[PDB]
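Peer 1: Just dropping this structure here.
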Amino acid sequence: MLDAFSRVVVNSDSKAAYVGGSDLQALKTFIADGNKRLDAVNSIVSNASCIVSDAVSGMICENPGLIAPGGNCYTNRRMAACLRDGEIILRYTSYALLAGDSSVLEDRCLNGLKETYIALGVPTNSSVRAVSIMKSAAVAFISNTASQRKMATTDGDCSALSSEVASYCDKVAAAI
Amino acid sequence: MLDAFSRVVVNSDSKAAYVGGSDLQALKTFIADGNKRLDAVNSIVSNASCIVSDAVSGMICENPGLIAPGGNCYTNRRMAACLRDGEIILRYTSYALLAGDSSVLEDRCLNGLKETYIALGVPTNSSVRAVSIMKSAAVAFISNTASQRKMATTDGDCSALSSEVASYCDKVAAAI
Amino acid sequence: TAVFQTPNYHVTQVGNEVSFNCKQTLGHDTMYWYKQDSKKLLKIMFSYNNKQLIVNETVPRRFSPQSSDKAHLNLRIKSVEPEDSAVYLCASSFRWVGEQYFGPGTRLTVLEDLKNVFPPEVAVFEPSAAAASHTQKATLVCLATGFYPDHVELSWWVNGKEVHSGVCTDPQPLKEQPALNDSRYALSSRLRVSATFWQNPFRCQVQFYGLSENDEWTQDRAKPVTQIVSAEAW
Amino acid sequence: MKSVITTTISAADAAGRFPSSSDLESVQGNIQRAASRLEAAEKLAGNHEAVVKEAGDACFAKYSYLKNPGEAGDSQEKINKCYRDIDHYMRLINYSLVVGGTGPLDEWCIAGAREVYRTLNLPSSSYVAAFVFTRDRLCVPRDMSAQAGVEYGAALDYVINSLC
Amino acid sequence: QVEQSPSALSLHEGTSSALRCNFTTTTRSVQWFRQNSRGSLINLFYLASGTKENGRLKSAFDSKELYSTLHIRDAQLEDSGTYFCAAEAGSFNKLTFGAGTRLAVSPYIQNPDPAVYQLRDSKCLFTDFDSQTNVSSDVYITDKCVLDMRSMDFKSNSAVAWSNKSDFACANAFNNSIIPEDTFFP
Ligand SMILES: *CCC1=C(C)C(=O)NC1Cc1[nH]c(/C=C2\N=C(C[C@H]3NC(=O)C(CC)=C3C)C(C)=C2CCC(=O)O)c(CCC(=O)O)c1C
Ligand SMILES: *CCC1=C(C)C(=O)NC1Cc1[nH]c(/C=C2\N=C(C[C@H]3NC(=O)C(CC)=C3C)C(C)=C2CCC(=O)O)c(CCC(=O)O)c1C
Ligand SMILES: *[C@H](C)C1=C(C)C(=O)N[C@@H]1Cc1[nH]c(/C=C2\N=C(C[C@H]3NC(=O)C(CC)=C3C)C(C)=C2CCC(=O)O)c(CCC(=O)O)c1C
Ligand SMILES: *[C@H](C)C1=C(C)C(=O)N[C@H]1Cc1[nH]c(/C=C2\N=C(C[C@H]3NC(=O)C(CC)=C3C)C(C)=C2CCC(=O)O)c(CCC(=O)O)c1C
Ligand SMILES: *[C@H](C)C1=C(C)C(=O)N[C@H]1Cc1[nH]c(/C=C2\N=C(C[C@H]3NC(=O)C(CC)=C3C)C(C)=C2CCC(=O)O)c(CCC(=O)O)c1C
Ligand SMILES: *[C@H](C)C1=C(C)[C@@H](CC2=N/C(=C\c3[nH]c(C[C@@H]4NC(=O)C(C)=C4[C@H](*)C)c(C)c3CCC(=O)O)C(CCC(=O)O)=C2C)NC1=O
Ligand SMILES: *[C@H](C)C1=C(C)[C@@H](CC2=N/C(=C\c3[nH]c(C[C@@H]4NC(=O)C(C)=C4[C@H](*)C)c(C)c3CCC(=O)O)C(CCC(=O)O)=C2C)NC1=O
Ligand SMILES: CCC1=C(C)[C@@H](CC2=N/C(=C\c3[nH]c(CC4NC(=O)C(C)=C4CC)c(C)c3CCC(=O)O)C(CCC(=O)O)=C2C)NC1=O
């Protein structure tokens with residue numbers, strides 16, 4: 001996996017070039033927003049259980065056929081499977097967010113996921129309803145606009161970070 | 001793998017229904033013929049060596065090209081391979097018969113067998129001549145009509161069981 | 001919110017086929033079909049949880065109920081028979097804990113001969129002069145006569161505003177020719193107002209539910225279809 | 001699906017063996033005990049709704065605090081699911097009594113159950129309350145025969161012991 | 001099954017009364033409805049071995065004694081209808097209904113003015129009588145009807161009687177019935 005700096009270095013390398021001055025100033029911007037980024041990550045991981053059962057309960061909320069016989073959240077074993085998968089995806093997008101790169105999300109989690117699901121019978125339109133709910137639960141927590149819980153941070157615009165985390169959730173909703 | 005009762009339960013479950021009264025009486029019929037079924041299984045396994053070398057010798061009997069250079073029973077190594085495969089299939093159909101379900105025959109023995117054979121070069125028209133001979137060796141022993149050996153059982157009609165064991169042999173002859 | 005059920009009334013002839021529909025906009029997951037006899041006694045016919053029928057109380061083969069959604073339940077009856085005339089009530093509830101919520105119902109009359117269906121004749125009488133001079137109040141009277149089956153809804157409309165203030169429609173109808181097979185019914189209503197209100201220069205309206213396009217009318221008399229028959233006065 | 005027949009066959013399959021006397025005796029035991037577990041199974045299947053309903057009432061009687069806002073009974077839809085879950089469990093007990101082993105309980109309701117309930121805030125104790133009530137409520141010979149009481153009570157103890 | 005008493009009930013405005021309903025097997029809960037004139041079942045109570053109050057109605061359910069009652073206090077005219085108990089008795093899979101109780105409240109008439117008028121047909125109304133009087137072959141006599149002007153707070157029992165035969169006039173229209181001696185005929 002790569003992070004923000006390794007990603008700049010891989011791109012510089014494809015041209016056999018030392019790191020541009022433009023790229024250095026981008027990276028020092030990355031560094032300037034270091035602490036906002038850490039607060040972003042902290043606001044997701046401190047609420048991970050909330051985010052994952054919100055999203056799965058919601059998925060089932062909008063389509064109760066999932067928990068009728070033959071649906072993929074039917075037994076306790078499949079419900080627990082789905083909760084684990086929600087948790088796993090959220091973990092790899094919190095890696096992405098802390099990394100500044102989607103490298104690890106794509107490499108260690110999304111690669112072959114679409115196939116695995118096709119094989120198992122896991123409804124993909126539903127996985128992405130869950131992931132899209134997690135997207136909003138998460139950008140709420142980042143932006144500190146979640147209804148039932150706040151997290152004291154200093155006053156600033158965290159919108160670039162929220163958009164980042166939403167772009168990683170969309171990478172997931174697209175891998176399948 | 002499933003057996004007769006687990007199979008009734010899986011079917012009941014697909015409708016989220018407790019086990020019908022009709023199904024219960026079918027199962028108590030299964031139980032009523034319990035002891036005939038055990039005699040059926042005993043009459044196959046007590047003769048397994050007979051059944052398997054009858055069938056393979058017969059396969060070779062009707063087509064001696066199998067044991068000419070290039071045929072698949074040519075060396076001692078391939079002949080012994082074929083005897084093992086005869087024995088294995090007979091074992092999985094005696095599991096089927098004792099189970100009341102073809103679940104274990106299909107899951108642990110037939111799955112990918114057709115492919116494996118295509119890969120190895122194993123003549124499939126011949127495997128099924130052998131399996132079809134085993135079918136008759138077996139329903140003979142069940143029905144106690146084998147020429148050179150009898151097995152003292154009480155007087156009754158074991159025809160449903162024989163048909164069962166022939167249906168499992170046909171599942172094999174069809175998997176390839 | 002409520003259990004909604006169509007049609008309200010239905011007349012058909014022995015051998016036709018009928019179909020009632022019930023839906024419910026409550027959060028519910030169980031729906032029932034009850035049959036109310038003419039002795040005012042309810043018996044359950046069918047119950048449904050999700051798509052799966054869970055109660056079937058030995059109804060004859062003609063009655064067949066179809067559910068699509070958990071908020072929908074329909075019932076089709078084929079080869080309708082004369083003893084099937086009753087009120088069909090759809091209910092709804094949670095399966096395990098909760099009270100049953102009912103819907104308006106569907107009265108189904110099954111007629112031997114389809115030509116027994118007559119619409120009403122609506123006639124408004126005028127308030128007595130003595131009444132204005134002795135009670136300082138004037139009382140109007142409406143009469144709906146010679147209809148069958150008793151599937152009618154009577155209202156009073158005064159200058160385009162329906163008035164349920166000071167109105168009294170008879171609870172049960174009056175059979176015109178008792179002991180003469182299916183008698184035709186008559187039904188009176190009253191609208192009392194003040195002498196001043198009448199003095200300044202009303203419409204008695206009777207909605208009737210009869211035959212539909214699902215019935216063959218070969219008689220000379222005009223087809224007795226669902227219609228509004230109203231009388232007026234000023 | 002764990003059961004006498006499946007357990008025995010797959011012991012033999014693991015060993016490369018045809019069925020032998022141990023295997024045939026094992027099935028014979030399945031024949032002997034058949035007739036009282038199927039009795040339990042039929043009595044349960046014939047009265048599932050009343051059992052489910054007494055059990056759920058007993059649960060919410062023992063833990064009235066569950067009906068508070070924020071608890072797992074703060075809405076009519078949630079209480080109704082609770083009785084639904086109890087019914088799922090009793091359906092699986094029905095299966096367990098018909099198969100002859102705890103297979104159906106094992107795969108279809110035990111497997112994910114601690115994680116699922118940890119995550120939807122469903123106290124383990126409430127289900128234990130409902131199964132203990134059902135167990136103690138059973139009455140011999142009123143409700144079923146003695147050796148069917150044994151089978152029924154047994155599956156209930158198994159499901160109880162999976163929540164401790 | 002489920003026996004509900006009394007079968008019918010004729011109460012004066014103000015009277016209080018009770019309806020009982022007895023069951024034969026163990027009952028998990030009881031539901032009381034009132035059926036209005038259009039035939040919808042209005043839910044009154046749903047209870048399990050307790051008491052509940054609602055306005056002028058009060059219900060109770062003793063599960064070990066297998067009974068349930070409905071009490072009506074200070075009966076108003078809006079309380080008329082057919083009243084039903086349903087028990088979840090038996091195997092708790094269906095509701096069993098009782099036979100019904102036909103309940104009818106007749107208004108208390110502050111000041112009675114019994115009379116028999118005649119109505120002129122645009123293109124006999126025995127109004128304003130006292131609720132103690134009852135009414136009765138080509139003469140068409142409808143049963144008593146209780147109307148109410150909620151503006152004037154004035155209730156009035158009226159009956160109506162018509163025919164086409166010219167031999168019959170309003171003078172002795174209500175003759176099979178017992179009209180009060182004070183009836184004023186114009
Ligand atoms: C994500 C944006 C948030 C929105 C909701 C907002 O309105 N204010 C926000 C966050 C935010 N944080 C800072 C600055 C800091 N964040 C800090 C904690 C993180 N740095 C760490 O080392 C650790 C983990 C070990 C963190 C969790 C810290 C220490 C700072 C700097 C000083 C402080 O604020 O206490 C800013 C900008 C303020 C700044 O000076 O950068 C904003 C907007
Ligand atoms: C398969 C049909 C056979 C045909 C060839 C026939 O004409 N008679 C036949 C078999 C048969 N067996 C019984 C009844 C029993 N079989 C028994 C042995 C099996 N039960 C076991 O527990 C064991 C293994 C451990 C078995 C091998 C037993 C004990 C019985 C019951 C009593 C007995 O016969 O000794 C029947 C029907 C007779 C009945 O009462 O069911 C038939 C037709
Ligand atoms: C009953 C004893 C409990 C007490 C505590 C209470 O007050 N409510 C409950 C039950 C309850 N269950 C859910 C939702 C689920 N229940 C599940 C287990 C169920 N599913 C199965 O297949 C079987 C076993 C085979 C079991 C027993 C599962 C998997 C779910 C999630 C899917 C769903 O049906 O919603 C709730 C809702 C919890 C919420 O926050 O919405 C409640 C209250
Ligand atoms: C949850 C939001 C989904 C909804 C939609 C649904 O109905 N079922 C859901 C999820 C689900 N996932 C499995 C089983 C697997 N998921 C796998 C991928 C995850 N495992 C990983 O290590 C990672 C990260 C790299 C991912 C993302 C894999 C692999 C499996 C198979 C292994 C397993 O535990 O079964 C299931 C169960 C399907 C079944 O019947 O077995 C469900 C229901
Ligand atoms: C016998 C009736 C067939 C006739 C026809 C023939 O001419 N050759 C026959 C059989 C044969 N089978 C192999 C080799 C394999 N058979 C395999 C499947 C079996 N192995 C299992 O575990 C089971 C049960 C689940 C099955 C049914 C597999 C796998 C092999 C490959 C492994 C091996 O021992 O070679 C051969 C030999 C082909 C060769 O030249 O290697 C023959 C001749
Ligand atoms: C059924 C229709 C239903 C389910 C059960 C939910 C699905 C859902 N959740 C959405 C957003 C969301 N979830 C959370 C976490 C949650 N909110 C809190 O304040 C805390 C604490 C928790 C733990 C329970 C958050 C923060 C959000 C943020 C957005 C919001 O409006 O609250 C959501 C919206 C998706 C979208 O924007 O399209 C859905 C559908 N919600 C249900 O209604
Ligand atoms: C070459 C043409 C030839 C071979 C060598 C045999 C092939 C064959 N066997 C058939 C049936 C069969 N085999 C057995 C087992 C055998 N018979 C016994 O009594 C005992 C003991 C043994 C051990 C040797 C049995 C029981 C049977 C039953 C049927 C029968 O007729 O005996 C068979 C028939 C297949 C069919 O029905 O199409 C064949 C072709 N037989 C040969 O002729
Ligand atoms: C497998 C599903 C099985 C259950 C488990 C039980 C569960 C059960 N028992 C009941 C009924 C019931 N059971 C008992 C117990 C009891 N009575 C005695 O004579 C002996 C000494 C006692 C055994 C400990 C009593 C006392 C009652 C009546 C009390 C009541 O129902 O409120 C009832 C109420 C329905 C009814 O009245 O029939 C249920 C639901 N029923 C089943 O079908």
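Each chain of the structure tokens is named A, B, ... in the order shown, its residues numbered from 1; ligands are numbered from 1 in display order.
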Excluding same-chain residues fewer than 5 positions from residue B:127, what lies within 8 Å of it counting only C-alpha atoms, as a PyMOL selection string?
Peer 2: chain B and resi 59+122+173
Peer 1: Would you kindly return, as an MDAnalysis selection string, each protein, DNA or RNA residue with an atom no farther than 12 Å from any atom of residue C:55, considering only C-alpha atoms and excluding same-chain residues fewer than 2 positions away?
Peer 2: (chainID C and resid 30:34 44:49 52:53 57:59 65 95) or (chainID D and resid 49) or (chainID E and resid 91:95)
Peer 1: Keeping only N, CA, C and O atoms, write the selected residues to a file as a CSV table (one decimal), in the first residue's frame.
Peer 2:
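Resulting contents of again_39.csv:
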```csv
chain,number,residue,atom,x,y,z
C,30,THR,N,-50.0,-8.7,9.5
C,30,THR,CA,-51.0,-9.8,9.5
C,30,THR,C,-52.3,-9.2,9.0
C,30,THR,O,-52.7,-8.0,9.4
C,31,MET,N,-53.0,-9.9,8.2
C,31,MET,CA,-54.3,-9.4,7.7
C,31,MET,C,-55.3,-10.6,7.7
C,31,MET,O,-54.9,-11.8,7.5
C,32,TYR,N,-56.6,-10.3,7.9
C,32,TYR,CA,-57.6,-11.3,8.1
C,32,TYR,C,-58.8,-11.0,7.2
C,32,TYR,O,-59.1,-9.8,6.8
C,33,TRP,N,-59.6,-12.0,7.0
C,33,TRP,CA,-60.9,-12.0,6.4
C,33,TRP,C,-62.0,-12.6,7.3
C,33,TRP,O,-61.8,-13.8,7.7
C,34,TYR,N,-62.9,-11.8,7.7
C,34,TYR,CA,-64.1,-12.2,8.6
C,34,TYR,C,-65.3,-12.1,7.8
C,34,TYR,O,-65.5,-11.2,6.9
C,44,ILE,N,-64.1,-15.8,11.7
C,44,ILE,CA,-62.9,-15.6,10.9
C,44,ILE,C,-62.9,-16.6,9.7
C,44,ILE,O,-63.3,-17.7,9.9
C,45,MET,N,-62.6,-16.1,8.5
C,45,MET,CA,-62.4,-17.0,7.4
C,45,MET,C,-60.9,-17.3,7.2
C,45,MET,O,-60.5,-18.4,7.1
C,46,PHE,N,-60.1,-16.2,7.0
C,46,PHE,CA,-58.7,-16.4,6.6
C,46,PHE,C,-57.7,-15.5,7.4
C,46,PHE,O,-58.1,-14.4,7.8
C,47,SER,N,-56.5,-15.9,7.6
C,47,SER,CA,-55.5,-15.1,8.1
C,47,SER,C,-54.2,-15.2,7.3
C,47,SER,O,-53.9,-16.3,6.8
C,48,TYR,N,-53.4,-14.2,7.3
C,48,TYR,CA,-52.2,-14.1,6.5
C,48,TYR,C,-51.1,-13.4,7.3
C,48,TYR,O,-51.4,-12.3,7.8
C,49,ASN,N,-50.0,-14.0,7.4
C,49,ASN,CA,-48.7,-13.4,7.9
C,49,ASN,C,-47.7,-13.4,6.8
C,49,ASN,O,-47.4,-14.4,6.2
C,52,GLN,N,-47.7,-15.8,3.7
C,52,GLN,CA,-48.0,-17.2,4.0
C,52,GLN,C,-49.3,-17.2,4.8
C,52,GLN,O,-49.4,-16.7,5.9
C,53,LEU,N,-50.3,-17.9,4.2
C,53,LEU,CA,-51.6,-18.1,4.9
C,53,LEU,C,-51.3,-19.0,6.2
C,53,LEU,O,-50.8,-20.1,6.1
C,57,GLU,N,-60.2,-21.4,7.9
C,57,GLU,CA,-61.2,-22.0,8.7
C,57,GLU,C,-62.3,-22.7,7.9
C,57,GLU,O,-63.4,-22.2,7.9
C,58,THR,N,-61.9,-23.7,7.2
C,58,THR,CA,-62.8,-24.6,6.4
C,58,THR,C,-63.9,-23.9,5.7
C,58,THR,O,-65.0,-24.1,5.8
C,59,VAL,N,-63.4,-22.9,4.9
C,59,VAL,CA,-64.3,-22.2,3.9
C,59,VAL,C,-64.3,-23.1,2.7
C,59,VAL,O,-63.4,-23.8,2.4
C,65,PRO,N,-58.3,-16.7,-1.5
C,65,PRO,CA,-57.7,-15.4,-1.2
C,65,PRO,C,-56.2,-15.2,-1.6
C,65,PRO,O,-55.5,-16.2,-1.5
C,95,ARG,N,-48.7,-9.7,14.3
C,95,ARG,CA,-49.0,-11.1,14.5
C,95,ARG,C,-49.1,-11.5,16.0
C,95,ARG,O,-50.0,-12.3,16.4
D,49,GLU,N,-48.1,-21.4,18.2
D,49,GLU,CA,-48.4,-20.0,18.4
D,49,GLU,C,-48.7,-19.7,19.9
D,49,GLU,O,-48.3,-18.7,20.4
E,91,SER,N,-56.6,-21.5,21.2
E,91,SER,CA,-55.2,-21.7,20.8
E,91,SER,C,-54.5,-20.5,20.4
E,91,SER,O,-53.5,-20.5,19.7
E,92,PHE,N,-55.0,-19.3,20.8
E,92,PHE,CA,-54.4,-18.0,20.6
E,92,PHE,C,-54.0,-17.7,19.1
E,92,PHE,O,-53.1,-16.9,18.9
E,93,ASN,N,-54.7,-18.3,18.2
E,93,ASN,CA,-54.5,-18.0,16.7
E,93,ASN,C,-55.6,-17.2,16.1
E,93,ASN,O,-55.3,-16.7,15.0
E,94,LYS,N,-56.7,-17.1,16.7
E,94,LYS,CA,-57.9,-16.4,16.1
E,94,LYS,C,-58.7,-15.7,17.2
E,94,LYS,O,-58.8,-16.2,18.3
E,95,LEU,N,-59.4,-14.7,16.8
E,95,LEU,CA,-60.5,-14.0,17.6
E,95,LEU,C,-61.8,-14.7,17.5
E,95,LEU,O,-62.3,-15.1,16.4
```
Peer 1: Which residues form the shell of 6 Å around ligand 6 when you count only C-alpha atoms and all ligand atoms, given as a compact mmCIF listing (two decimals) with C-alpha atoms, in the first residue's frame?
Peer 2:
```txt
# COMPACT_ATOMS: atom_id res chain seq x y z
CA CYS A 50 -22.93 2.99 15.53
CA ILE A 51 -22.07 3.45 11.85
CA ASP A 54 -27.08 1.97 11.58
CA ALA A 55 -26.23 1.01 8.01
CA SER A 57 -30.33 -2.09 10.11
CA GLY A 58 -31.16 0.55 7.51
CA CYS A 61 -35.23 -1.34 7.06
CA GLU A 62 -35.75 -0.36 3.43
CA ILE A 133 -25.68 4.78 4.45
CA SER A 136 -23.54 9.51 5.29
CA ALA A 137 -23.12 8.29 8.87
CA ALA A 140 -21.86 13.41 9.38
CA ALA A 146 -24.61 13.81 13.54
CA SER A 147 -27.94 14.15 15.29
CA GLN A 148 -27.53 12.11 18.51
CA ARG A 149 -23.81 12.66 19.30
```
Peer 1: Could you name the residues that touch residue D:90 at 9 Å or less, counting only C-alpha atoms, but leaving out those on the same chain fewer than 4 positions away, as a JSON list (two decimals) with N, CA, C and O atoms, in the first residue's frame?
Peer 2:
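Result written to part-v9.json:
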```json
[["chain", "number", "residue", "atom", "x", "y", "z"],
["D", 44, "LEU", "N", -45.43, -29.76, 19.39],
["D", 44, "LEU", "CA", -44.91, -28.40, 19.29],
["D", 44, "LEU", "C", -45.47, -27.72, 18.04],
["D", 44, "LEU", "O", -46.03, -26.62, 18.13],
["D", 45, "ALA", "N", -45.37, -28.38, 16.89],
["D", 45, "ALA", "CA", -45.91, -27.88, 15.64],
["D", 45, "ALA", "C", -47.40, -27.62, 15.68],
["D", 45, "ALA", "O", -47.88, -26.76, 14.95],
["D", 48, "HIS", "N", -47.69, -24.21, 18.23],
["D", 48, "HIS", "CA", -46.54, -23.31, 18.26],
["D", 48, "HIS", "C", -46.93, -21.89, 18.67],
["D", 48, "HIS", "O", -46.20, -21.26, 19.44],
["D", 51, "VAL", "N", -47.53, -21.43, 22.52],
["D", 51, "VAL", "CA", -46.26, -21.53, 23.23],
["D", 51, "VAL", "C", -45.43, -20.27, 23.01],
["D", 51, "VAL", "O", -44.92, -19.66, 23.96],
["D", 52, "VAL", "N", -45.29, -19.85, 21.74],
["D", 52, "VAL", "CA", -44.53, -18.64, 21.45],
["D", 52, "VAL", "C", -45.10, -17.46, 22.22],
["D", 52, "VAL", "O", -44.35, -16.64, 22.79],
["D", 85, "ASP", "N", -38.66, -13.72, 16.94],
["D", 85, "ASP", "CA", -37.41, -14.41, 17.25],
["D", 85, "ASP", "C", -37.67, -15.65, 18.07],
["D", 85, "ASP", "O", -37.12, -16.73, 17.77],
["D", 86, "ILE", "N", -38.47, -15.51, 19.12],
["D", 86, "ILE", "CA", -38.85, -16.68, 19.90],
["D", 86, "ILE", "C", -39.47, -17.75, 19.00],
["D", 86, "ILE", "O", -39.23, -18.95, 19.19],
["D", 94, "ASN", "N", -38.27, -27.46, 16.67],
["D", 94, "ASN", "CA", -39.08, -28.41, 15.94],
["D", 94, "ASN", "C", -38.21, -29.23, 14.98],
["D", 94, "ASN", "O", -38.16, -30.47, 15.05],
["D", 95, "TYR", "N", -37.48, -28.53, 14.10],
["D", 95, "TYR", "CA", -36.46, -29.17, 13.26],
["D", 95, "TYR", "C", -35.52, -30.07, 14.08],
["D", 95, "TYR", "O", -35.25, -31.21, 13.69],
["D", 156, "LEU", "N", -34.63, -27.45, 24.60],
["D", 156, "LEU", "CA", -34.67, -26.17, 25.28],
["D", 156, "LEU", "C", -33.46, -25.92, 26.16],
["D", 156, "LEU", "O", -32.98, -24.78, 26.22]]
```
Peer 1: Excluding residue A:76 and its own-chain neighbours fewer than 3 positions away, which residues fall within 7 Å of it when counting only C-alpha atoms? Please give them as a list in words.
Peer 2: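 The residues that qualify are residues 79 and 80 of chain A; 108, 109, 110, 111, 112, 113 and 116 of chain D.
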Peer 1: Got time to write the residues from that selection, N, CA and C atoms, as a compact mmCIF listing (two decimals), in the first residue's frame?
Peer 2:
```txt
# COMPACT_ATOMS: atom_id res chain seq x y z
N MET A 79 -26.76 -12.79 9.01
CA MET A 79 -26.77 -11.46 9.61
C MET A 79 -25.40 -11.10 10.17
N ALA A 80 -24.79 -12.02 10.93
CA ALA A 80 -23.50 -11.72 11.54
C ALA A 80 -22.42 -11.57 10.48
N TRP D 108 -28.59 -22.65 12.12
CA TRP D 108 -29.52 -21.63 11.67
C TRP D 108 -29.81 -20.58 12.73
N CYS D 109 -29.54 -20.85 14.00
CA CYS D 109 -29.74 -19.78 14.96
C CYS D 109 -28.65 -19.55 15.98
N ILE D 110 -27.85 -20.56 16.29
CA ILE D 110 -26.80 -20.31 17.26
C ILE D 110 -25.63 -19.52 16.66
N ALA D 111 -25.27 -19.81 15.42
CA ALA D 111 -23.98 -19.41 14.87
C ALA D 111 -23.71 -17.91 15.01
N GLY D 112 -24.50 -17.05 14.40
CA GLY D 112 -24.10 -15.65 14.51
C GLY D 112 -24.64 -14.90 15.71
N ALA D 113 -25.21 -15.60 16.68
CA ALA D 113 -26.25 -15.01 17.52
C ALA D 113 -25.66 -14.07 18.56
N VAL D 116 -24.70 -10.87 16.60
CA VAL D 116 -25.90 -10.14 16.21
C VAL D 116 -26.53 -9.47 17.42
```
Peer 1: One decimal, in Å: what's the spacing between atom CA of residue C:188 and atom CA of residue C:229?
Peer 2: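 Atom CA of residue C:229 lies 14.3 Å from atom CA of residue C:188.
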Peer 1: Hey, which residues come within 7 Å of ligand 3 if we count only C-alpha atoms and all ligand atoms? Could you give them as JSON, numbers by chain?
Peer 2: {"A": [57, 60, 67, 73, 74, 75, 76, 79], "D": [56, 59, 66, 71, 72, 73, 78, 79, 81, 82, 83, 85, 86, 88, 89, 108, 109, 113, 116, 120, 121, 122, 123, 126, 127, 130]}
Peer 1: Go through chain B and flag each residue having an atom no more than 6 Å from ligand 2; for those, report the closest pair of atoms plus their distance in Å to one decimal, using only C-alpha atoms and all ligand atoms, ordered by chain and rising number, as JSON lines.
Peer 2:
```
{"residue": "B:35", "atom": "CA", "partner": "ligand 2", "partner_atom_place_in_ligand_line": "20 (N)", "distance": 3.9}
{"residue": "B:36", "atom": "CA", "partner": "ligand 2", "partner_atom_place_in_ligand_line": "12 (N)", "distance": 4.3}
{"residue": "B:38", "atom": "CA", "partner": "ligand 2", "partner_atom_place_in_ligand_line": "26 (C)", "distance": 4.8}
{"residue": "B:39", "atom": "CA", "partner": "ligand 2", "partner_atom_place_in_ligand_line": "27 (C)", "distance": 4.5}
{"residue": "B:40", "atom": "CA", "partner": "ligand 2", "partner_atom_place_in_ligand_line": "1 (C)", "distance": 5.0}
{"residue": "B:142", "atom": "CA", "partner": "ligand 2", "partner_atom_place_in_ligand_line": "1 (C)", "distance": 5.6}
{"residue": "B:143", "atom": "CA", "partner": "ligand 2", "partner_atom_place_in_ligand_line": "5 (C)", "distance": 4.5}
{"residue": "B:144", "atom": "CA", "partner": "ligand 2", "partner_atom_place_in_ligand_line": "5 (C)", "distance": 4.7}
{"residue": "B:153", "atom": "CA", "partner": "ligand 2", "partner_atom_place_in_ligand_line": "8 (N)", "distance": 4.5}
{"residue": "B:154", "atom": "CA", "partner": "ligand 2", "partner_atom_place_in_ligand_line": "8 (N)", "distance": 3.6}
{"residue": "B:155", "atom": "CA", "partner": "ligand 2", "partner_atom_place_in_ligand_line": "7 (O)", "distance": 3.6}
{"residue": "B:156", "atom": "CA", "partner": "ligand 2", "partner_atom_place_in_ligand_line": "43 (C)", "distance": 3.4}
{"residue": "B:157", "atom": "CA", "partner": "ligand 2", "partner_atom_place_in_ligand_line": "7 (O)", "distance": 5.7}
{"residue": "B:158", "atom": "CA", "partner": "ligand 2", "partner_atom_place_in_ligand_line": "2 (C)", "distance": 3.9}
```
Peer 1: Grab me every residue within 6 Å of ligand 4, counting only C-alpha atoms and all ligand atoms, and send it over as a list in words.
Peer 2: residues 56, 72, 73, 78, 81, 82, 85, 86, 88, 89, 108, 109, 120, 122, 123, 124, 126, 127 and 130 of chain A
Peer 1: Considering only C-alpha atoms, state which residue in the set D:24, D:14, D:50, D:38 is at the smallest distance from chain C.
Peer 2: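 For chain C, the nearest of the given residues is D:50.
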Peer 1: From a DSSP pass on the backbone, collect the residues of chain E flagged as strand (DSSP E or B) and hand them back as a ChimeraX atom specification.
Peer 2: /E:2-5,8-12,17-23,30-35,41-47,51-54,57-62,67-72,81-87,96-97,101-106,115,117,120-121,125-129,140-141,145-149,154-162,184
Peer 1: For chain D against chain B, which residues fall within 6 Å using only C-alpha atoms, given as a list in words?
Peer 2: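 Those within range of chain B come out as residues 1, 18, 31, 45, 91, 95 and 99 of chain D.
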Peer 1: Neighbouring residues of residue C:115 were defined as those with any atom within 9 Å, considering only C-alpha atoms; residues of the same chain fewer than 3 positions away were excluded. Please report them as number ranges by chain.
Peer 2: C: 111-112, 118, 217, 219, 224
